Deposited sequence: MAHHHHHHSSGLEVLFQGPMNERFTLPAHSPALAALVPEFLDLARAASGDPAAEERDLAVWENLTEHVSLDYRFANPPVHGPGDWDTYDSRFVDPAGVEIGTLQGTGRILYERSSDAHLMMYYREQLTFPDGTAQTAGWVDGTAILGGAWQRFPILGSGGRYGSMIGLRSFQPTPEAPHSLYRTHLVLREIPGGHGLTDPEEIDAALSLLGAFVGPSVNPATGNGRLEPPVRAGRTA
């Protein structure tokens, strides 16, 4: 309806996520089911593949398994992830990587995706991915995964938070295209710029 302004049927379901996500930022300081796992130690086992070694660059990819351990030493959950180094930004040649992760808790599942700036994370910045719950008590939830690689061991130990909270009637997304759209919508708030304007009005490979 309206060739002029055709938005997909799922648009209201995506839009509903945005006030919930901002409300989570204010409620995540202290009704709904709220899962907060603060100050986790994330033990990562990383398997990196090089396209054209010994240089990190486009075509590199990795898989990883994470165990999430709370300060009391208890495993609260696991994660399986995969990332691909995709391109260098036209503006400053930063390596842009995309990740997809599957989280497993004792009583359910959730997933993330998002962009990482290669330069930023080597400097010790926080990385943040939006979470959509996919099963168990998490299925009706949205949230945020925040990790910082420890300066001691930046590829094996991370400091990590996981925050998820129920939204009324749930996010209602099951189709992988809607889920991906939801993860991009929320990722806009927390993710790096994919390709800033260069100034010369040209997106040249650097």
query: Where the deposited sequence has no C-alpha coordinates (positions from 1, in order); finding: 1-19, 50-54, 231-237
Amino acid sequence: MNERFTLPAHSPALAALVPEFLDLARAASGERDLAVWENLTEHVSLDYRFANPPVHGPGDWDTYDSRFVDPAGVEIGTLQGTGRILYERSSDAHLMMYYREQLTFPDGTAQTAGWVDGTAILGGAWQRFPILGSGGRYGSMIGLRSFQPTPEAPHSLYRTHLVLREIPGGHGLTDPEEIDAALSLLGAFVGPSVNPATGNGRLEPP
From here on, numbers count along this sequence of modelled residues.
| property | result |
| --- | --- |
| Greater mean Cα temperature factor according to the PDB record, 185-193 or 7-15 | 7-15 |
| Residue range whose averaged C-alpha B-factor is higher in the record, 156-164 or 45-53 | 45-53 |
| Member of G123, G136, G77, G114 with the greatest C-alpha B factor (per the PDB record) | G123 |
| Out of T109, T82, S90, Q127, residue topping the C-alpha B-factor column of the entry | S90 |
| Third assignment of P151 from its chain's C-alpha B-factors | highest |
| Entry-reported Cα temperature factor of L144, expressed as the chain third it lands in | lowest |
| Record-listed C-alpha B factor of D180: chain third | lowest |
